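Participant: One structure, pasted below without further comment.
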Amino acid sequence: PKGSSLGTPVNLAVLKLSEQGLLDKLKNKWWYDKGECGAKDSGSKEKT
Amino acid sequence: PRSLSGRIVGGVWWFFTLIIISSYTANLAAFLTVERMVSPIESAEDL
């Protein structure tokens, strides 16, 4: 909400998370890791 | 002899079987190449 107390804090928090690679980590967790289609794993599968 | 009708039939049929036997040969080479690709678990990194 405009002019909120959580404003600045959350903003910095997002920047902190990204620099710690925590954001990238989360995405990898739900997109590729938790994924059902190992793309780089299906190409690494030399048995088909 | 040169019965153009059935002549091109023998030619096209030959080109047909040529492709097939070539495909069989190529594919069979792949089944042995991949059969070797499958490397046994030698280390933990392999798992």
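Cβ: placed from backbone, ideal geometry, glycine included. Neighbour counts: every protein chain shown. Just so you know, all these numbers are worked out from the coordinates, no wet-lab data involved.
Participant: Just to confirm the filter: which GluC sites (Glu not before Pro) across chain B are DSSP coil and have at most 12 other Cβ within 10 angstrom of their Cβ?
Facilitator: B:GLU42, B:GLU45
Participant: So for chain B, Kirkwood radius off the Cα pairs, Stokes-Einstein at 10 °C and 1.306 mPa s: how many µm² s⁻¹?
Facilitator: 112 µm²/s
Participant: Separate question: Specify the angular offset, from 0 to 90 degrees and rounded to the nearest 10, of the alpha carbon long axis of helix A:7-19 from the longest principal axis of the alpha carbons in chain A.
Facilitator: Result, in degrees: 30.
Participant: Follow-up question, since we're still on this one. Highest mean first, how do B:1-10, A:15-24 rank when packing is the count of other Cβ atoms within 10 Å averaged over residues?
Facilitator: With the highest mean Cβ count within 10 Å placed first, the list reads A:15-24, B:1-10.
Participant: Take the Cα radius of gyration of chain A and divide it by 2.2 N^0.38 Å, with N its residue count; two decimals is plenty.
Facilitator: For chain A, the normalised Cα radius of gyration comes out at 1.86.
Participant: Quote the FRET efficiency, to the nearest 0.05, computed for B:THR33 versus A:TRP30 with a Förster distance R0 of 41 Å and r equal to the Cβ-Cβ distance.
Facilitator: Step by step, r from the Cβ atoms, then E = 0.65.
Participant: Okay, next question. Rounded to two decimals, what is Rg over Rh for the protein assembly as shown when you use alpha-carbon atoms and the Kirkwood radius?
Facilitator: 1.47
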